[PDB]
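The data block below is final-v5.pdb; it holds PDB, C-alpha atoms.
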MODEL        1
ATOM      1  CA  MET A   1     150.251 171.754  97.307  1.00  0.00           C
ATOM      2  CA  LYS A   2     151.065 174.738  95.054  1.00  0.00           C
ATOM      3  CA  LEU A   3     154.616 175.758  96.029  1.00  0.00           C
ATOM      4  CA  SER A   4     154.875 179.559  96.367  1.00  0.00           C
ATOM      5  CA  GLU A   5     157.626 181.622  94.699  1.00  0.00           C
ATOM      6  CA  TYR A   6     159.580 181.830  97.976  1.00  0.00           C
ATOM      7  CA  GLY A   7     160.453 178.155  97.385  1.00  0.00           C
ATOM      8  CA  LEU A   8     161.348 178.662  93.702  1.00  0.00           C
ATOM      9  CA  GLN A   9     163.828 181.416  94.633  1.00  0.00           C
ATOM     10  CA  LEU A  10     165.970 179.274  96.966  1.00  0.00           C
ATOM     11  CA  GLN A  11     165.409 176.337  94.580  1.00  0.00           C
ATOM     12  CA  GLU A  12     167.389 178.256  91.945  1.00  0.00           C
ATOM     13  CA  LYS A  13     170.167 178.751  94.531  1.00  0.00           C
ATOM     14  CA  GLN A  14     170.237 174.974  95.110  1.00  0.00           C
ATOM     15  CA  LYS A  15     171.063 174.441  91.418  1.00  0.00           C
ATOM     16  CA  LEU A  16     173.659 177.197  90.909  1.00  0.00           C
ATOM     17  CA  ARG A  17     175.101 175.753  94.146  1.00  0.00           C
ATOM     18  CA  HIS A  18     175.593 172.109  93.090  1.00  0.00           C
ATOM     19  CA  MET A  19     176.428 173.406  89.592  1.00  0.00           C
ATOM     20  CA  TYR A  20     180.219 173.840  89.371  1.00  0.00           C
ATOM     21  CA  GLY A  21     180.399 172.607  92.985  1.00  0.00           C
ATOM     22  CA  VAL A  22     180.376 175.938  94.884  1.00  0.00           C
ATOM     23  CA  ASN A  23     180.540 175.180  98.627  1.00  0.00           C
ATOM     24  CA  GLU A  24     178.176 177.253 100.799  1.00  0.00           C
ATOM     25  CA  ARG A  25     181.023 179.214 102.422  1.00  0.00           C
ATOM     26  CA  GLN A  26     182.412 179.983  98.948  1.00  0.00           C
ATOM     27  CA  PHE A  27     178.852 180.820  97.831  1.00  0.00           C
ATOM     28  CA  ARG A  28     178.002 183.355 100.570  1.00  0.00           C
ATOM     29  CA  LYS A  29     181.630 184.543 100.732  1.00  0.00           C
ATOM     30  CA  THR A  30     182.154 184.914  96.966  1.00  0.00           C
ATOM     31  CA  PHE A  31     178.823 186.805  97.150  1.00  0.00           C
ATOM     32  CA  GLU A  32     179.451 189.672  99.610  1.00  0.00           C
ATOM     33  CA  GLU A  33     182.842 189.648  97.843  1.00  0.00           C
ATOM     34  CA  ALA A  34     181.377 190.219  94.356  1.00  0.00           C
ATOM     35  CA  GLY A  35     179.439 193.275  95.600  1.00  0.00           C
ATOM     36  CA  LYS A  36     182.855 194.988  95.412  1.00  0.00           C
ATOM     37  CA  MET A  37     183.176 195.230  91.611  1.00  0.00           C
ATOM     38  CA  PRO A  38     180.635 197.655  89.992  1.00  0.00           C
ATOM     39  CA  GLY A  39     178.347 196.075  87.344  1.00  0.00           C
ATOM     40  CA  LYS A  40     175.105 194.434  88.541  1.00  0.00           C
ATOM     41  CA  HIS A  41     175.926 192.468  91.721  1.00  0.00           C
ATOM     42  CA  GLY A  42     174.222 189.395  90.210  1.00  0.00           C
ATOM     43  CA  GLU A  43     176.547 189.456  87.174  1.00  0.00           C
ATOM     44  CA  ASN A  44     179.596 189.685  89.475  1.00  0.00           C
ATOM     45  CA  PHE A  45     178.524 186.519  91.348  1.00  0.00           C
ATOM     46  CA  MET A  46     177.998 184.839  87.952  1.00  0.00           C
ATOM     47  CA  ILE A  47     181.508 186.087  87.037  1.00  0.00           C
ATOM     48  CA  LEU A  48     183.405 184.805  90.117  1.00  0.00           C
ATOM     49  CA  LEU A  49     181.814 181.325  90.000  1.00  0.00           C
ATOM     50  CA  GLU A  50     183.716 180.891  86.706  1.00  0.00           C
ATOM     51  CA  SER A  51     186.896 182.693  87.828  1.00  0.00           C
ATOM     52  CA  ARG A  52     187.265 179.793  90.307  1.00  0.00           C
ATOM     53  CA  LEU A  53     190.780 178.384  89.754  1.00  0.00           C
ATOM     54  CA  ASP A  54     189.293 174.903  89.189  1.00  0.00           C
ATOM     55  CA  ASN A  55     186.526 176.137  86.851  1.00  0.00           C
ATOM     56  CA  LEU A  56     188.937 177.909  84.463  1.00  0.00           C
ATOM     57  CA  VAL A  57     191.192 174.812  84.337  1.00  0.00           C
ATOM     58  CA  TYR A  58     188.303 172.438  83.537  1.00  0.00           C
ATOM     59  CA  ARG A  59     186.754 175.079  81.240  1.00  0.00           C
ATOM     60  CA  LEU A  60     189.885 175.059  79.046  1.00  0.00           C
ATOM     61  CA  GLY A  61     190.898 171.392  78.542  1.00  0.00           C
ATOM     62  CA  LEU A  62     193.591 170.448  81.103  1.00  0.00           C
ATOM     63  CA  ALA A  63     191.212 168.151  83.036  1.00  0.00           C
ATOM     64  CA  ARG A  64     188.107 166.103  82.206  1.00  0.00           C
ATOM     65  CA  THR A  65     186.036 167.158  85.248  1.00  0.00           C
ATOM     66  CA  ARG A  66     186.263 169.155  88.497  1.00  0.00           C
ATOM     67  CA  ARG A  67     187.627 166.010  90.178  1.00  0.00           C
ATOM     68  CA  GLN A  68     190.466 166.298  87.634  1.00  0.00           C
ATOM     69  CA  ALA A  69     190.833 170.104  87.521  1.00  0.00           C
ATOM     70  CA  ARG A  70     190.508 170.644  91.296  1.00  0.00           C
ATOM     71  CA  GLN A  71     193.209 167.994  91.860  1.00  0.00           C
ATOM     72  CA  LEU A  72     195.500 169.791  89.371  1.00  0.00           C
ATOM     73  CA  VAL A  73     195.365 173.084  91.299  1.00  0.00           C
ATOM     74  CA  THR A  74     196.012 171.475  94.705  1.00  0.00           C
ATOM     75  CA  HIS A  75     198.995 169.727  93.073  1.00  0.00           C
ATOM     76  CA  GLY A  76     200.387 173.277  92.691  1.00  0.00           C
ATOM     77  CA  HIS A  77     200.784 172.610  88.933  1.00  0.00           C
ATOM     78  CA  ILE A  78     198.851 175.612  87.575  1.00  0.00           C
ATOM     79  CA  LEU A  79     201.195 178.637  87.348  1.00  0.00           C
ATOM     80  CA  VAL A  80     199.033 181.780  87.474  1.00  0.00           C
ATOM     81  CA  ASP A  81     200.829 184.807  85.964  1.00  0.00           C
ATOM     82  CA  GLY A  82     203.831 182.466  86.336  1.00  0.00           C
ATOM     83  CA  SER A  83     203.201 181.597  90.012  1.00  0.00           C
ATOM     84  CA  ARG A  84     202.175 178.322  91.682  1.00  0.00           C
ATOM     85  CA  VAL A  85     198.601 178.778  93.032  1.00  0.00           C
ATOM     86  CA  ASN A  86     197.701 175.503  94.781  1.00  0.00           C
ATOM     87  CA  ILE A  87     194.887 177.568  96.334  1.00  0.00           C
ATOM     88  CA  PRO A  88     191.461 176.673  94.752  1.00  0.00           C
ATOM     89  CA  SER A  89     189.496 179.480  96.475  1.00  0.00           C
ATOM     90  CA  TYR A  90     191.939 182.074  95.089  1.00  0.00           C
ATOM     91  CA  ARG A  91     190.682 184.282  92.219  1.00  0.00           C
ATOM     92  CA  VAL A  92     192.265 185.278  88.881  1.00  0.00           C
ATOM     93  CA  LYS A  93     191.750 188.572  86.983  1.00  0.00           C
ATOM     94  CA  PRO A  94     192.499 189.781  83.393  1.00  0.00           C
ATOM     95  CA  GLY A  95     196.236 190.130  82.616  1.00  0.00           C
ATOM     96  CA  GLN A  96     196.931 186.865  84.499  1.00  0.00           C
ATOM     97  CA  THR A  97     197.963 183.702  82.575  1.00  0.00           C
ATOM     98  CA  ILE A  98     197.026 180.145  83.612  1.00  0.00           C
ATOM     99  CA  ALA A  99     199.945 177.795  82.756  1.00  0.00           C
ATOM    100  CA  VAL A 100     200.509 174.113  83.575  1.00  0.00           C
ATOM    101  CA  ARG A 101     203.711 173.495  85.567  1.00  0.00           C
ATOM    102  CA  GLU A 102     206.495 171.963  83.428  1.00  0.00           C
ATOM    103  CA  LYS A 103     207.043 168.690  85.356  1.00  0.00           C
ATOM    104  CA  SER A 104     203.205 168.592  85.457  1.00  0.00           C
ATOM    105  CA  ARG A 105     202.750 168.351  81.640  1.00  0.00           C
ATOM    106  CA  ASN A 106     203.121 164.610  80.939  1.00  0.00           C
ATOM    107  CA  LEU A 107     200.256 164.093  83.399  1.00  0.00           C
ATOM    108  CA  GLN A 108     198.068 161.520  81.621  1.00  0.00           C
ATOM    109  CA  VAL A 109     194.999 163.187  83.167  1.00  0.00           C
ATOM    110  CA  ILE A 110     196.021 166.365  81.271  1.00  0.00           C
ATOM    111  CA  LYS A 111     197.309 164.795  78.045  1.00  0.00           C
ATOM    112  CA  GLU A 112     193.907 163.086  78.144  1.00  0.00           C
ATOM    113  CA  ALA A 113     191.896 166.292  78.739  1.00  0.00           C
ATOM    114  CA  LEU A 114     193.783 168.172  75.975  1.00  0.00           C
ATOM    115  CA  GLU A 115     191.834 166.084  73.434  1.00  0.00           C
ATOM    116  CA  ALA A 116     188.527 166.514  75.287  1.00  0.00           C
ATOM    117  CA  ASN A 117     188.916 170.187  74.290  1.00  0.00           C
ATOM    118  CA  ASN A 118     186.407 171.189  71.580  1.00  0.00           C
ATOM    119  CA  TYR A 119     184.817 174.435  72.811  1.00  0.00           C
ATOM    120  CA  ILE A 120     186.874 177.161  74.563  1.00  0.00           C
ATOM    121  CA  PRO A 121     185.096 180.475  75.490  1.00  0.00           C
ATOM    122  CA  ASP A 122     186.059 183.642  73.561  1.00  0.00           C
ATOM    123  CA  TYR A 123     187.629 185.450  76.559  1.00  0.00           C
ATOM    124  CA  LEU A 124     189.961 182.447  77.183  1.00  0.00           C
ATOM    125  CA  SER A 125     192.967 181.920  74.868  1.00  0.00           C
ATOM    126  CA  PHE A 126     194.331 178.331  75.046  1.00  0.00           C
ATOM    127  CA  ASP A 127     197.973 177.741  74.013  1.00  0.00           C
ATOM    128  CA  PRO A 128     198.583 173.994  73.256  1.00  0.00           C
ATOM    129  CA  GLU A 129     202.279 174.206  72.289  1.00  0.00           C
ATOM    130  CA  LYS A 130     203.314 175.614  75.697  1.00  0.00           C
ATOM    131  CA  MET A 131     200.125 174.375  77.423  1.00  0.00           C
ATOM    132  CA  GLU A 132     199.299 177.912  78.656  1.00  0.00           C
ATOM    133  CA  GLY A 133     195.847 179.532  78.962  1.00  0.00           C
ATOM    134  CA  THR A 134     195.442 183.349  79.095  1.00  0.00           C
ATOM    135  CA  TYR A 135     192.583 185.361  80.612  1.00  0.00           C
ATOM    136  CA  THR A 136     192.355 187.858  77.711  1.00  0.00           C
ATOM    137  CA  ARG A 137     188.996 189.288  78.883  1.00  0.00           C
ATOM    138  CA  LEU A 138     186.097 188.905  81.360  1.00  0.00           C
ATOM    139  CA  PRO A 139     183.241 186.371  80.763  1.00  0.00           C
ATOM    140  CA  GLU A 140     179.621 187.270  79.842  1.00  0.00           C
ATOM    141  CA  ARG A 141     176.148 185.691  80.132  1.00  0.00           C
ATOM    142  CA  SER A 142     176.138 184.601  76.460  1.00  0.00           C
ATOM    143  CA  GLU A 143     178.387 181.768  77.775  1.00  0.00           C
ATOM    144  CA  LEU A 144     177.346 181.272  81.426  1.00  0.00           C
ATOM    145  CA  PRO A 145     174.243 179.111  82.197  1.00  0.00           C
ATOM    146  CA  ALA A 146     171.213 181.082  80.927  1.00  0.00           C
ATOM    147  CA  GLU A 147     168.642 178.815  82.615  1.00  0.00           C
ATOM    148  CA  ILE A 148     169.881 180.433  85.873  1.00  0.00           C
ATOM    149  CA  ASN A 149     168.533 183.601  87.547  1.00  0.00           C
ATOM    150  CA  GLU A 150     170.315 185.301  90.486  1.00  0.00           C
ATOM    151  CA  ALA A 151     167.552 187.904  91.050  1.00  0.00           C
ATOM    152  CA  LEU A 152     165.419 185.623  93.281  1.00  0.00           C
ATOM    153  CA  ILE A 153     168.791 185.020  95.004  1.00  0.00           C
ATOM    154  CA  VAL A 154     169.680 188.749  95.030  1.00  0.00           C
ATOM    155  CA  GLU A 155     166.916 190.032  97.344  1.00  0.00           C
ATOM    156  CA  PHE A 156     167.579 186.848  99.363  1.00  0.00           C
ATOM    157  CA  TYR A 157     170.344 188.693 101.242  1.00  0.00           C
ATOM    158  CA  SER A 158     168.053 191.724 101.662  1.00  0.00           C
ATOM    159  CA  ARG A 159     165.737 189.600 103.837  1.00  0.00           C
TER     160      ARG A 159
ENDMDL
END

What does the file become when written as structure tokens?
Amino acid sequence: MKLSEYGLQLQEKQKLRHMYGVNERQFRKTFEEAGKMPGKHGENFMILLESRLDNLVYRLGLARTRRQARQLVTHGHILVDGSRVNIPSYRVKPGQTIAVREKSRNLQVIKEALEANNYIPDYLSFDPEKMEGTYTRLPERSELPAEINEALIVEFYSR
């Protein structure tokens, strides 16, 4: 009857998993992949989940939801650092700029998400005139879901 902690640990993973829509492969992969940058492995995982090409797009205001942002990337409309990145699993890093493709600017789905913008993180600079977002810095926990805890998920790979 009383669920032990072993169940609460994976439970947390279930949430952070169906959160921004992180597939399992991208979850385990993005994981052993985050252990590359130094700075609390957990933090890294919480930093890549947002770096997701789709996340950043939706985070700014070019799409209303992942169904809208994800579709934008695939449409090779987002120009990273001035380069078409129709790859959603790709990853962006400081110094790179997210910019909507010209022909892909009258997109109603975007013109509609531009208004839905009313809260852009501090490390993301959104340019409305040229519709260009810039990764001016890395994200922090003061903005990522706080009701989440990767620890119980950290030792999970040590099992």

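Taking atom CA of residue A:68 as the reference point, atom CA of residue A:128 is found at 18.2 Å.
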
For the file shown, report as number ranges by chain the outcome of the PyMOL selection byres ((chain A and resi 48) around 12) at residue level.
A: 20, 22, 26-37, 41-47, 49-56, 89-93, 138-140, 144

Taking the point (169.3, 183.6, 88.4) as given in the file, collect each protein or nucleic acid residue that comes within 9 Å of it, counting only C-alpha atoms, and present the set as JSON, numbers by chain.
{"A": [9, 12, 13, 16, 42, 46, 146, 147, 148, 149, 150, 151, 152, 153, 154]}

Atom CA of residue A:94 to atom CA of residue A:136 measures 6.0 Å

Around the point (198.0, 175.9, 87.9) in the file's coordinates, collect all residues with an atom within 12 Å, using only C-alpha atoms, and return them as a PyMOL selection string.
chain A and resi 52-58+62-63+69-88+90-92+96-105+110+131-134

Taken to one decimal, the atom CA of residue A:59-atom CA of residue A:130 distance is 17.5 Å

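For the residues A:118, A:145, A:109, A:4, ranking by smallest atom-to-atom distance to residue A:19 using all atoms listed in the file places A:145 first.
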
Hits of the PyMOL selection byres ((chain A and resi 113) around 6) in this structure, as a ChimeraX atom specification
/A:61-64,110-112,114-116

Start from the incomplete input, build N, CA and C atoms for stretch 118-148 of chain A, and deliver everything as a PDB file, keeping the file's coordinate frame.
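rebuild12.pdb written:
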ATOM      1  N   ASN A 118     187.102 170.978  72.884  1.00  0.00           N
ATOM      2  CA  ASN A 118     186.407 171.189  71.580  1.00  0.00           C
ATOM      3  C   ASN A 118     185.431 172.357  71.711  1.00  0.00           C
ATOM      4  N   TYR A 119     185.707 173.255  72.614  1.00  0.00           N
ATOM      5  CA  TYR A 119     184.817 174.435  72.811  1.00  0.00           C
ATOM      6  C   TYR A 119     185.410 175.325  73.908  1.00  0.00           C
ATOM      7  N   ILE A 120     186.261 176.252  73.545  1.00  0.00           N
ATOM      8  CA  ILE A 120     186.874 177.161  74.563  1.00  0.00           C
ATOM      9  C   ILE A 120     186.228 178.556  74.450  1.00  0.00           C
ATOM     10  N   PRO A 121     185.727 179.123  75.530  1.00  0.00           N
ATOM     11  CA  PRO A 121     185.096 180.475  75.490  1.00  0.00           C
ATOM     12  C   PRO A 121     185.888 181.467  74.627  1.00  0.00           C
ATOM     13  N   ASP A 122     185.348 182.635  74.401  1.00  0.00           N
ATOM     14  CA  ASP A 122     186.059 183.642  73.561  1.00  0.00           C
ATOM     15  C   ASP A 122     187.008 184.482  74.422  1.00  0.00           C
ATOM     16  N   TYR A 123     186.731 184.625  75.692  1.00  0.00           N
ATOM     17  CA  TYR A 123     187.629 185.450  76.559  1.00  0.00           C
ATOM     18  C   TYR A 123     188.806 184.603  77.063  1.00  0.00           C
ATOM     19  N   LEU A 124     188.831 183.330  76.738  1.00  0.00           N
ATOM     20  CA  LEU A 124     189.961 182.447  77.183  1.00  0.00           C
ATOM     21  C   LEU A 124     190.792 182.031  75.969  1.00  0.00           C
ATOM     22  N   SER A 125     192.069 182.317  75.996  1.00  0.00           N
ATOM     23  CA  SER A 125     192.967 181.920  74.868  1.00  0.00           C
ATOM     24  C   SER A 125     193.754 180.685  75.314  1.00  0.00           C
ATOM     25  N   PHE A 126     193.603 179.575  74.634  1.00  0.00           N
ATOM     26  CA  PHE A 126     194.331 178.331  75.046  1.00  0.00           C
ATOM     27  C   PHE A 126     195.563 178.101  74.171  1.00  0.00           C
ATOM     28  N   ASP A 127     196.716 177.994  74.782  1.00  0.00           N
ATOM     29  CA  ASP A 127     197.973 177.741  74.013  1.00  0.00           C
ATOM     30  C   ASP A 127     198.352 176.257  74.186  1.00  0.00           C
ATOM     31  N   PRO A 128     198.257 175.447  73.153  1.00  0.00           N
ATOM     32  CA  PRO A 128     198.583 173.994  73.256  1.00  0.00           C
ATOM     33  C   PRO A 128     200.090 173.717  73.195  1.00  0.00           C
ATOM     34  N   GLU A 129     200.813 174.444  72.389  1.00  0.00           N
ATOM     35  CA  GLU A 129     202.279 174.206  72.289  1.00  0.00           C
ATOM     36  C   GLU A 129     202.920 174.323  73.672  1.00  0.00           C
ATOM     37  N   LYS A 130     202.710 175.425  74.345  1.00  0.00           N
ATOM     38  CA  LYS A 130     203.314 175.614  75.697  1.00  0.00           C
ATOM     39  C   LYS A 130     202.286 175.265  76.780  1.00  0.00           C
ATOM     40  N   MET A 131     201.157 174.727  76.402  1.00  0.00           N
ATOM     41  CA  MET A 131     200.125 174.375  77.423  1.00  0.00           C
ATOM     42  C   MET A 131     199.919 175.574  78.358  1.00  0.00           C
ATOM     43  N   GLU A 132     199.520 176.699  77.811  1.00  0.00           N
ATOM     44  CA  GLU A 132     199.299 177.912  78.656  1.00  0.00           C
ATOM     45  C   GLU A 132     197.993 178.602  78.264  1.00  0.00           C
ATOM     46  N   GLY A 133     197.146 178.843  79.232  1.00  0.00           N
ATOM     47  CA  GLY A 133     195.847 179.532  78.962  1.00  0.00           C
ATOM     48  C   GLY A 133     195.982 180.988  79.398  1.00  0.00           C
ATOM     49  N   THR A 134     195.325 181.901  78.721  1.00  0.00           N
ATOM     50  CA  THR A 134     195.442 183.349  79.095  1.00  0.00           C
ATOM     51  C   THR A 134     194.067 183.980  79.284  1.00  0.00           C
ATOM     52  N   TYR A 135     193.882 184.671  80.379  1.00  0.00           N
ATOM     53  CA  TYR A 135     192.583 185.361  80.612  1.00  0.00           C
ATOM     54  C   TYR A 135     192.648 186.667  79.806  1.00  0.00           C
ATOM     55  N   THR A 136     192.247 186.633  78.563  1.00  0.00           N
ATOM     56  CA  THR A 136     192.355 187.858  77.711  1.00  0.00           C
ATOM     57  C   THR A 136     191.169 188.804  77.951  1.00  0.00           C
ATOM     58  N   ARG A 137     190.153 188.373  78.644  1.00  0.00           N
ATOM     59  CA  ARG A 137     188.996 189.288  78.883  1.00  0.00           C
ATOM     60  C   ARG A 137     188.054 188.687  79.929  1.00  0.00           C
ATOM     61  N   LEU A 138     187.054 189.425  80.338  1.00  0.00           N
ATOM     62  CA  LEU A 138     186.097 188.905  81.360  1.00  0.00           C
ATOM     63  C   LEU A 138     184.986 188.109  80.653  1.00  0.00           C
ATOM     64  N   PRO A 139     184.339 187.200  81.348  1.00  0.00           N
ATOM     65  CA  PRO A 139     183.241 186.371  80.763  1.00  0.00           C
ATOM     66  C   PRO A 139     181.915 187.141  80.670  1.00  0.00           C
ATOM     67  N   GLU A 140     180.950 186.591  79.974  1.00  0.00           N
ATOM     68  CA  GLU A 140     179.621 187.270  79.842  1.00  0.00           C
ATOM     69  C   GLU A 140     178.508 186.226  79.990  1.00  0.00           C
ATOM     70  N   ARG A 141     177.277 186.653  79.973  1.00  0.00           N
ATOM     71  CA  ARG A 141     176.148 185.691  80.132  1.00  0.00           C
ATOM     72  C   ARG A 141     175.990 184.840  78.869  1.00  0.00           C
ATOM     73  N   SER A 142     176.289 185.384  77.721  1.00  0.00           N
ATOM     74  CA  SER A 142     176.138 184.601  76.460  1.00  0.00           C
ATOM     75  C   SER A 142     176.923 183.287  76.540  1.00  0.00           C
ATOM     76  N   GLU A 143     177.598 183.035  77.637  1.00  0.00           N
ATOM     77  CA  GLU A 143     178.387 181.768  77.775  1.00  0.00           C
ATOM     78  C   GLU A 143     178.066 181.103  79.116  1.00  0.00           C
ATOM     79  N   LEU A 144     177.674 181.870  80.098  1.00  0.00           N
ATOM     80  CA  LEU A 144     177.346 181.272  81.426  1.00  0.00           C
ATOM     81  C   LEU A 144     175.907 180.735  81.395  1.00  0.00           C
ATOM     82  N   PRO A 145     175.611 179.699  82.149  1.00  0.00           N
ATOM     83  CA  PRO A 145     174.243 179.111  82.197  1.00  0.00           C
ATOM     84  C   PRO A 145     173.141 180.173  82.093  1.00  0.00           C
ATOM     85  N   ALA A 146     172.310 180.082  81.090  1.00  0.00           N
ATOM     86  CA  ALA A 146     171.213 181.082  80.927  1.00  0.00           C
ATOM     87  C   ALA A 146     169.978 180.618  81.701  1.00  0.00           C
ATOM     88  N   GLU A 147     169.825 179.334  81.874  1.00  0.00           N
ATOM     89  CA  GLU A 147     168.642 178.815  82.615  1.00  0.00           C
ATOM     90  C   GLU A 147     168.777 179.158  84.103  1.00  0.00           C
ATOM     91  N   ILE A 148     169.688 180.038  84.441  1.00  0.00           N
ATOM     92  CA  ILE A 148     169.881 180.433  85.873  1.00  0.00           C
ATOM     93  C   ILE A 148     169.400 181.870  86.070  1.00  0.00           C
TER      94      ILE A 148
END
